[PDB]
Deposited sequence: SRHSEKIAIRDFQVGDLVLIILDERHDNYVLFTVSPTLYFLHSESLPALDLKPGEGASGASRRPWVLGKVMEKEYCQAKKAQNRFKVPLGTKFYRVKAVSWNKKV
């Protein structure tokens, strides 16, 4: 409980993270002070009780994996330009 504080950068396995809906990018992201987008991995949505697509505004999660990615087409599910680098993060519920 004392170690339950939300990480804000350099996300590591085991970090507590605040996962928030980002309407502009049509996806859940991690709250961060990084300039880089950290998207929630699509495989993590069911176990966080989240849905694809009135979506729940936030959940608290625990980081399981991080993956560095780059958009290869101008039209993509993350609504970022061609060449944008971003992360995908797998997370499970903090509870």
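No C-alpha positions are given for the deposited-sequence stretches 1, 55-60, 103-105.
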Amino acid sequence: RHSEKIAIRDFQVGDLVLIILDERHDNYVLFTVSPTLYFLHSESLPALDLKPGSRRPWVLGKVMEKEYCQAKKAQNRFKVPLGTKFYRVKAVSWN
From here on, numbers count along this sequence of modelled residues.
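Heads up, when I say rigid core I mean the largest set of C-alphas that superpose within 1.5 Å between the two forms.
Once the structures in 8 other deposited structures of this protein are superposed via the core, the pair 4-12 and 85-93 is resolved in favour of 4-12 as the more displaced stretch (C-alpha RMS). Residue 32 is built in all of the other entries compared, counting only those with both neighbours built, so it is not a gap in a third.
Where the other entries of this protein model the residues before and after it, residue 57 is kept in all of them rather than dropped from a third. Just going by the entry, 30-38 versus 54-62 on mean CA temperature factor gives the higher value to 54-62. In this entry, the higher average B-factor at the C-alpha atoms falls on 43-51, of the pair 65-73 and 43-51. In the PDB entry, residue 82 places in the highest third of its chain by CA B-factor.
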